[PDB]
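Colleague: Need coordinates for the following:
(7 chains, ligands or ions: 47)
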Amino acid sequence: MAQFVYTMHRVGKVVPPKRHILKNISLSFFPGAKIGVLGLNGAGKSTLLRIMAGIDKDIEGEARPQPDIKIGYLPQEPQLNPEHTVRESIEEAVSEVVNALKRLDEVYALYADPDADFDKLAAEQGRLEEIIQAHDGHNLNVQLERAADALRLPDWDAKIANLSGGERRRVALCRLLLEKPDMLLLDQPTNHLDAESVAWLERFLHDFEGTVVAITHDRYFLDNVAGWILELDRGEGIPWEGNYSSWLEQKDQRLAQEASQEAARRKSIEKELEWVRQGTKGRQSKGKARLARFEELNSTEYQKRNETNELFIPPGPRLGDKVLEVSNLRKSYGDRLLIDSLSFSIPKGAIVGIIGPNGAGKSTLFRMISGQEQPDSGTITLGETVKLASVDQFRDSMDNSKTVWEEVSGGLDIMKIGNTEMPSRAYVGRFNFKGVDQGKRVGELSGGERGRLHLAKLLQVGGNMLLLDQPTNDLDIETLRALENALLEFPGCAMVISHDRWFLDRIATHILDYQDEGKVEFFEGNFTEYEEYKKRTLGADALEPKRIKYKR
RNA sequence: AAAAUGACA
RNA sequence: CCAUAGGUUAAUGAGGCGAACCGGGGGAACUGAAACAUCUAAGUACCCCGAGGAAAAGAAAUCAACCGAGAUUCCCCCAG
RNA sequence: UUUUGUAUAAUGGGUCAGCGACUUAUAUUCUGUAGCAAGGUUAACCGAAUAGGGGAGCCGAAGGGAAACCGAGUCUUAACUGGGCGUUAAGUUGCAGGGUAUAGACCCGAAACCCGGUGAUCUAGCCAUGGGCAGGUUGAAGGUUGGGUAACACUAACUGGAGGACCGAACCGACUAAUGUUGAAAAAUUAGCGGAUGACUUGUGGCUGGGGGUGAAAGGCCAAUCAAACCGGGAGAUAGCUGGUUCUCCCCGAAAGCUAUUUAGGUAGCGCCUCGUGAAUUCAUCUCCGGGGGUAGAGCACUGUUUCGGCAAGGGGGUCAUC
RNA sequence: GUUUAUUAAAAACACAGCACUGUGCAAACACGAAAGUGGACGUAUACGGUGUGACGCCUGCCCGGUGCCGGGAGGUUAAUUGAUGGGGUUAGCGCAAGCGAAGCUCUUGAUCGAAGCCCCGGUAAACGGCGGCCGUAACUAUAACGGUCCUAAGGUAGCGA
RNA sequence: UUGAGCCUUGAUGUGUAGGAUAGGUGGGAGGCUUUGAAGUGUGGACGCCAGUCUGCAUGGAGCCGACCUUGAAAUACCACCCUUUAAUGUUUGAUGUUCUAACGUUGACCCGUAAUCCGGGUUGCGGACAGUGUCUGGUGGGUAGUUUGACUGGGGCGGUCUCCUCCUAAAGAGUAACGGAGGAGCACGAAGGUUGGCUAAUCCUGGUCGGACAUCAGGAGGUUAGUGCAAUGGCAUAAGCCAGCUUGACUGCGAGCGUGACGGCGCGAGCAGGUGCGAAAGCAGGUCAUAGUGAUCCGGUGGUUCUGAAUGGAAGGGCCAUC
RNA sequence: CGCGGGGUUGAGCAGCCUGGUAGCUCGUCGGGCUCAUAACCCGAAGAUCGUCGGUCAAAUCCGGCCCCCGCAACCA
Ligand SMILES: Nc1ncnc2c1ncn2[C@@H]1O[C@H](COP(=O)(O)OP(=O)(O)OP(=O)(O)O)[C@@H](O)[C@H]1O
Ligand SMILES: Nc1ncnc2c1ncn2[C@@H]1O[C@H](COP(=O)(O)OP(=O)(O)OP(=O)(O)O)[C@@H](O)[C@H]1O
Ligand SMILES: [Mg+2]
Ligand SMILES: [Mg+2]
Ligand SMILES: [Mg+2]
Ligand SMILES: [Mg+2]
Ligand SMILES: [Mg+2]
Ligand SMILES: [Mg+2]
Ligand SMILES: [Mg+2]
Ligand SMILES: [Mg+2]
Ligand SMILES: [Mg+2]
Ligand SMILES: [Mg+2]
Ligand SMILES: [Mg+2]
Ligand SMILES: [Mg+2]
Ligand SMILES: [Mg+2]
Ligand SMILES: [Mg+2]
Ligand SMILES: [Mg+2]
Ligand SMILES: [Mg+2]
Ligand SMILES: [Mg+2]
Ligand SMILES: [Mg+2]
Ligand SMILES: [Mg+2]
Ligand SMILES: [Mg+2]
Ligand SMILES: [Mg+2]
Ligand SMILES: [Mg+2]
Ligand SMILES: [Mg+2]
Ligand SMILES: [Mg+2]
Ligand SMILES: [Mg+2]
Ligand SMILES: [Mg+2]
Ligand SMILES: [Mg+2]
Ligand SMILES: [Mg+2]
Ligand SMILES: [Mg+2]
Ligand SMILES: [Mg+2]
Ligand SMILES: [Mg+2]
Ligand SMILES: [Mg+2]
Ligand SMILES: [Mg+2]
Ligand SMILES: [Mg+2]
Ligand SMILES: [Mg+2]
Ligand SMILES: [Mg+2]
Ligand SMILES: [Mg+2]
Ligand SMILES: [Mg+2]
Ligand SMILES: [Mg+2]
Ligand SMILES: [Mg+2]
Ligand SMILES: [Mg+2]
Ligand SMILES: [Mg+2]
Ligand SMILES: [Mg+2]
Ligand code: NA
Ligand code: NA
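Modeller: Numbering: from 1, shown residues only, chains lettered A, B, ... in the order given. Ligands and ions are numbered 1, 2, ... in the order given. Now the structure:
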């Protein structure tokens, strides 16, 4: 009884093609409930989040929150100001209190003035004597000095342009949170965070009540916090009570049963078609009712929209012994040194996984490798046979006003990958972009579809020193494993930057571990062999967490 | 663990 | 001994019949809809119970419209 | 009579005489006639009552708009120089008539549905009771006495009298043929045929009732009637379907087409007929004038097809670098 | 032995025998608005239903469809229950405007909620089903044999114009 | 045995730096401490792991406030506790086991009674189940009511049913067959409106890769080109091709006509209010035209006090737009 | 001929599924293992997707031509 924070009733949704990404989803939520939303890229999870937060009311059905609840919505790709700084971007969040202090000091100026002393005050200041109290505008200074510690935000002077990818998400998380809301709706909240930040956030989420609906492709992240699982497969809402391991078997069972029913329906249709095509045998019935039943049996069902399979990677020029060695590399920004005295040499035909904290120079390394930057010391020495192909860390380089096919190919009926040409339509189709899904504008694309398309567009240079900067951005399990199996077959060299060590556990052959002081160390092997190295030359240190919290 | 066959003189 | 159930005994009443009309309990289908299932035929035919010279109803928890009328029953309009 | 069409070998009629089919309330529209006339007229009812009262009410004299509302105007519209509907031409009540509506609705005619009752004296099954089956055969189990065994088993003679057993009359049936089909008979006669101690047959009396009975099962039987008995009622069910429709004279006089249709043999609007009113040199023939055609015919520049020339691509079988 | 009384007496019906299935007794089942009767003054060696039809030798493979039996985890799931949001009215604050307490009403429908169905097994003397194309051996006549596709399984014994 | 709620008792709340696990206001202040210390073992939950709460060991008379070096201060009552939970009460819900008193008894005995019916009385056995009533989901040819189109060179099977183009079609319009051939159930915020500008297919000669055919140059050419999609009629003033600015793909009307049996469908100058393009004259109420479709009823969503059943409101209607 | 289905490597089959992407098992050819052959291992080849033709795009759509495989020919 009681409770019942949020409700959805027969909430359909129709997209321009014709299909219903959501149809007949009727369910309710309760205080202090954690829901994890699963599905595939295209299942409608982000649209459901937008509806639940109330951004869009173009539904059929009802979607009601209980009155007097604060809703914090974290979207797929939060948009900030490339002009702002961290200080003036975070300061926006607590807006009713900065103006409260400013106006209170101005009223402290104007109150001693004998002009309308009993008119300009009783009507105006009184509306602020509690805006400074309920929100507590006096102690925002210590509030920020404390809340900065937990996230370990970038420096206040830092600019958004100078900010790195993970720190940007950190800032956005602080901005969203500071409102102290009840409903917390997040769409993939841990896109760029490392082990420390992800563990901290998934402890804080579990502690924090008020109901949290989280989109996540990460089994380990979901297991800690989720008390309920929403499936959201093909326009249906399947609620599961349990953990990921128990739900995965039920999902597989459902798929197997649906395939069996499909086969049975096929066989029935063959059997009835034979009778329909038989003769007449005299002046007898032929059964108009039976004909109507057979005609009704010809219905349609949705195949799983993207059971995407192994991607395409076209290798290019043959590559020799020199694989762009690096000697005495040192990098800094003003006085902030990222890397000092780094020297290594990648072998031939290897995959090199790069690991480290947020804003430790990982993207900077690719920047100076691709010629965008320069080294403050030493030199990187390219091999003359080396072809470069580096994937940008951010999806935000496409133009949202163009079609998928036009964006990838360039408006050419035949483009070329590497040296051989092959048709552009086939080249895109190799990335599971069928002819129907060809026509959607790249601004109308899910996160995973956008990532796949951007990867497909950039990988057409036909190079052989693939500098992947987090290709595992918004990839599902099957989408991830397709590329994970395609990469192991790459002839050329692959340098991969990522935060999820489980993906790298299957593909990495060389390791670049970042550390403090700007220390970057090379290693040859996989992560189990790295653990073997640590255990052979060990050190007793496991006291990672402290749980700073936010409020006093 | 698997292991079939070889015209007459 | 309880006491009830019960069995003889007396006087008083009703049993059945009859044409129509009347009140009550049940209650069709053919037909029309140019087929038909909601609907109409129709609370009609028919069955059953009960009286009376008539029977039922009947003295506002009724209408009306800020003006008012005064139980019930039947006839002519309202009005197809 | 029905038809495109009948001497038709298409229907109906043996003949006379009698009977037999467009009617009757009410309502509405039009026509003729009669009375009053911007008015006309009453209903129920009262009444020594076809009179006289009764004007409740109905129609008409004003329309427009969905409505408020306005008013010889109104609606539309922000508004019409507009545009739709109206003003400017008399109605109402009887009588007679032609239509339409609700009633059986011009008359005769179904197979069928529903309701209440009468039927198991014929026939289905079953229940209680008591009769019938001439005559002649065959030899089961069993038993006794002998043989055989340690005992059995087995065996021989005698005896015995079983059976949906055998042949065959009464009795019960009904396989073949002939006769008879306005019969002797609304299922029989004649010569043959099956069962004939049994799951038999028969007398008397009971029980099962109509969407129900009973059925050694055929949709068989339930009073000569059964894929739902008979009698009465709803009931003059419905019939876009056949048949029939009664005295006389004068005038005019068609259609078998289009569109639509659960529609093709029905119906509805229009085209074709008749009666009445009002109107224009209204309409028809002919001569002259102003028109636009793309048919018949003709033709091959075009779309195609068709031969014969002289040119000429270009090409194919061999001969070739037989790259 | 029985049957279409009145055009069909039969290969049809019945039958003894066989099998499956239900039924623990106030039995299943049938006639009955019900009381109550038959079953039966019987009691699983009994009674009802269905198929086959003495006797002899036998009765092969398939649980995919459709029925039946068992399971209860999960999905869906009625009546009841009426939390919530929206709307109407208005005592008042205003006296232009608008807001709107308590009550009363219209609507919306949170939670709870069984059997069935989905799902998991069995069952064929339960209703039923029981394959294609191509090559191959001293006359190329045919295939003991092989290749491949599909099925729930590919017709066995015995018969066969 | 338990889910859930409620009320009271306890406990828990470690950013940095003051002192070191500290949630908020307190109200203000030293009082707590002696139902026997700060101190001496450790009980145990937890921890961010320094320890702070707490069972028991003798004695049993102790800490801080205040100063504040940080934003804030001193666990030294009680308050809705604001947070986790830990309990005992406590209401409700479920799942169970036990009982007797409703109820069942087609178990035994007794009486009415000379009665295997019925009733009553004792006694067992079940027992809040079973059973019945109302509501409700499933199943339900066991039973009942009906439907199952038309054209058609007889019916059935086959084909077809609405719209557009050509021919049949007889030089106005219309005109049939199960006659001869093809299409449609759309698209376009530009492919629409103006203002500027431009004009094709094919063939030849020359020329880098490059040829039979890509781009370039100049000659013949003269619409054999093109139209957003079938065919016919059109198109150079282009209705074809290329750009700018654009929203007339406007609102209310509409002289007068074409075509339909009707429902309806089509063309339309001009008038009023605003609008775009152009220097203006002017053009623009969709697309070169002809297919791209569905009446009424019922209901949904916006606007409008037109109406609002005693009155004021409201529900519900009406009208306009639309599904 | 009235109505349906089919045609893909040397054999049997997918892929026609709403067009951008020609595959499978056996078999042919060349090596290897073995005294030698089968089996087994390794490596290759080839298909105008029946045909005439008409969608940016087909094996995939549609019309036709060719051949093959089934079905129906009822009431008198
Ligand atoms: N205009 C459009 N036309 C066609 N498809 C569209 C259009 N707009 C959205 N879609 C489709 O609707 C779906 C929206 O999915 P959504 O944005 O929820 O992402 P997701 O794949 O469910 O989740 P996530 O990216 O967060 O992992 C996608 O499949 C997207 O392609
Ligand atoms: N132009 C710049 N000016 C100042 N600082 C910069 C600039 N570019 C990068 N940095 C700093 O360099 C550091 C590394 O940034 P980088 O882009 O390499 O991040 P990263 O390690 O890849 O992080 P992430 O996890 O977000 O991918 C950060 O601290 C960032 O603020
Ligand atoms: Mg009497
Ligand atoms: Mg009728
Ligand atoms: Mg009729
Ligand atoms: Mg009386
Ligand atoms: Mg005639
Ligand atoms: Mg004739
Ligand atoms: Mg003649
Ligand atoms: Mg005659
Ligand atoms: Mg004659
Ligand atoms: Mg005749
Ligand atoms: Mg005659
Ligand atoms: Mg009027
Ligand atoms: Mg009937
Ligand atoms: Mg008898
Ligand atoms: Mg005998
Ligand atoms: Mg007989
Ligand atoms: Mg005889
Ligand atoms: Mg005999
Ligand atoms: Mg005899
Ligand atoms: Mg008879
Ligand atoms: Mg009948
Ligand atoms: Mg009648
Ligand atoms: Mg009659
Ligand atoms: Mg005449
Ligand atoms: Mg007819
Ligand atoms: Mg000619
Ligand atoms: Mg016999
Ligand atoms: Mg007979
Ligand atoms: Mg006979
Ligand atoms: Mg009994
Ligand atoms: Mg048999
Ligand atoms: Mg259930
Ligand atoms: Mg029936
Ligand atoms: Mg009827
Ligand atoms: Mg017909
Ligand atoms: Mg003509
Ligand atoms: Mg003409
Ligand atoms: Mg155009
Ligand atoms: Mg121009
Ligand atoms: Mg134009
Ligand atoms: Mg056009
Ligand atoms: Mg009112
Ligand atoms: Mg309204
Ligand atoms: Na998303
Ligand atoms: Na980065």
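Colleague: how many other residues sit next to residue A:508?
Modeller: Applying other Cβ atoms under 10 Å, we find 24 residues neighbouring residue A:508. The C-beta positions use only the backbone N, C-alpha and C, and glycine is treated the same way.
Colleague: tell me which element the closest residue to RNA strand G within the stretch 351-500 of chain A falls in.
Modeller: Closest approach of the stretch 351-500 of chain A to RNA strand G (Cβ to the nearest atom of the strand) occurs at residue A:426, with a separation of 3.1 Å. Per DSSP states H and E, residue A:426 falls inside helix A:424-429.
Colleague: tell me the phi and psi of the closest residue to ligand 46 within the stretch 101-250 of chain A?
Modeller: Nearest residue of the stretch 101-250 of chain A to ligand 46 (Cβ to the ion) works out as residue A:187 at 5.5 Å. Main-chain torsions, residue A:187, degrees, to the nearest 10: phi -110, psi 100.
Colleague: Am I right that it is in contact with residue A:78?
Modeller: No - using Cβ atoms under 8 Å, residue A:187 is not in contact with residue A:78, being 9.8 Å away.
Colleague: Please say which of these two ends up with more neighbours.
Modeller: residue A:187 (24 against 15).
Colleague: who touches the more buried one in this structure?
Modeller: Contact analysis of residue A:187 by Cβ atoms under 8 Å, 6 or more residues apart in numbering lists A:45-46, A:49, A:74-76, A:215, A:447.
Colleague: quick one: which of those residues sit in helices?
Modeller: Judged by DSSP state H, the contacts of residue A:187 include A:45-46, A:49, A:447 as members of helices.
Colleague: For the residue in the stretch 251-400 of chain A that RNA strand F sits nearest to, which residues are in contact?
Modeller: RNA strand F sits closest to residue A:283 of the stretch 251-400 of chain A, with a gap of 3.9 Å, by Cβ to the nearest atom of the strand. Contacts for residue A:283 (Cβ under 8 Å, 6+ apart) come out as none.
Colleague: Regarding chain A, what is its longest helix?
Modeller: Secondary structure of chain A per DSSP H: the longest helix is helix A:244-277.
Colleague: Name the residues of the helix or strand just after that one that come out as buried.
Modeller: Beyond helix A:244-277 on the C-terminal side, the first helix or strand identified by DSSP H and E is helix A:288-297. For helix A:288-297, the buried set under the neighbour-count rule, 16 or more other Cβ atoms under 10 Å, comprises residue A:294.
Colleague: okay, the angle between helix A:288-297 and helix A:244-277?
Modeller: If you take axes from the mean of the first three to the mean of the last three Cα atoms, to 10 degrees, helix A:288-297 sits at 140 degrees to helix A:244-277.
Colleague: Please give the number of neighbouring residues around residue A:180.
Modeller: With other Cβ under 10 Å as criterion, residue A:180 counts 12.
Colleague: helix/strand/coil for it?
Modeller: Following DSSP: H, G, I helix; E, B strand; the rest coil, residue A:180 is assigned to coil.
Colleague: mind listing what it touches?
Modeller: Residue A:180 sits next to residue A:70 when contact means Cβ under 8 Å, 6+ apart.
Colleague: now residue A:258
Modeller: Contacts of residue A:258 by Cβ under 8 Å, 6+ apart: none found.
Colleague: ok, now how distant is it from ligand 1?
Modeller: Residue A:258 sits 20 Å away from ligand 1, taking Cβ to the nearest ligand atom, to the nearest Å as the criterion.
Colleague: near ligand 2, anything from stretch A:487-504?
Modeller: No - residues of stretch A:487-504 contacting ligand 2 under Cβ under 6 Å from any ligand atom: none, with a closest distance of 6.8 Å.
Colleague: Tell me if that stretch is near ligand 47.
Modeller: No - Stretch A:487-504 is not in contact with ligand 47 by Cβ under 5 Å from the ion; minimum separation 7.4 Å.
Colleague: Please point out which parts of that stretch sit buried.
Modeller: Buried residues in stretch A:487-504 (16+ other Cβ under 10 Å): A:487, A:490, A:492-500, A:503-504.
Colleague: Under a three-state scheme, what state does the residue of the stretch 51-200 of chain A found nearest RNA strand E occupy?
Modeller: Proximity of the stretch 51-200 of chain A to RNA strand E (Cβ to the nearest atom of the strand) peaks at residue A:67, 5.5 Å away. Put simply, residue A:67 is coil when judged by three-state DSSP.
Colleague: try residue A:454
Modeller: Following three-state DSSP, the label given to residue A:454 is helix.
Colleague: element containing residue A:89?
Modeller: helix A:86-93.
Colleague: Tell me which helix or strand comes right after that helix.
Modeller: The first helix or strand that comes after helix A:86-93 along the chain, using DSSP H and E, is helix A:95-110.
Colleague: so, in contact with RNA strand F or not, that following helix?
Modeller: No - using Cβ under 7 Å from any atom of the strand, helix A:95-110 stays clear of RNA strand F, coming no nearer than 13.9 Å.
Colleague: quick revisit: please report the distance of the residue of the stretch 51-200 of chain A closest to RNA strand E from residue A:317.
Modeller: 64 Å (Cβ to Cβ, to the nearest Å).
Colleague: Please say which of those two ends up with more neighbours.
Modeller: Under the neighbour definition other Cβ under 10 Å, residue A:67 and residue A:317 were set side by side, and residue A:317 has more, 15 against 5.
Colleague: That one and residue A:385: what is the separation?
Modeller: 6 Å.
Colleague: Can you name the residue of the stretch 251-400 of chain A nearest ligand 47?
Modeller: residue A:363 (3.1 Å).
Colleague: Test my guess that that residue contacts residue A:514.
Modeller: No - using Cβ under 8 Å, residue A:363 is not in contact with residue A:514; the gap is 11.8 Å.
Colleague: Contacts only, for the residue nearest the centre of chain A.
Modeller: Centroid-nearest residue in chain A, with Cα atoms, centre = their mean: residue A:474, separated by 4.1 Å. For residue A:474, the contacting residues are A:41, A:76, A:188, A:191, A:217, A:446-448, A:450-451, by Cβ under 8 Å, 6+ apart.
Colleague: again with residue A:317
Modeller: Each residue near residue A:317 by Cβ under 8 Å, 6+ apart is listed here: A:385, A:387, A:462-464.
Colleague: Now for the closest residue to ligand 46 within the stretch 51-200 of chain A, how many residues are close by?
Modeller: Of all residues in the stretch 51-200 of chain A, residue A:76 sits closest to ligand 46, at 4.0 Å by Cβ to the ion. If you count neighbours by other Cβ under 10 Å, residue A:76 ends up with 18.
Colleague: Spatially nearest residue to it (excluding sequence neighbours)?
Modeller: residue A:447 (4.8 Å; Cβ to Cβ, 6 or more residues apart in numbering).
Colleague: State the number of residues packed around that neighbour.
Modeller: Residue A:447 has 21 nearby residues by other Cβ under 10 Å.
Colleague: show me where the stretch 51-200 of chain A has helices.
Modeller: Along the stretch 51-200 of chain A, counting by DSSP state H, counting those that start in this stretch, helices occupy A:86-93, A:95-110, A:140-151, A:165-177, A:195-207.
Colleague: Please list the residues of chain A that sit near ligand 47.
Modeller: Applying Cβ under 5 Å from the ion, we find that chain A lies next to ligand 47 at A:164-165, A:363.
Colleague: just curious, which of these is nearest to residue A:245?
Modeller: Closest approach to residue A:245 among the residues of chain A next to ligand 47 (Cβ to Cβ): residue A:165, at 31.2 Å.
Colleague: Quick check: closest non-adjacent residue to that closest one.
Modeller: residue A:192 (5.0 Å).
Colleague: Nearest to ligand 1 within the stretch 451-552 of chain A, name that residue for me.
Modeller: residue A:474 (5.5 Å; Cβ to the nearest ligand atom).
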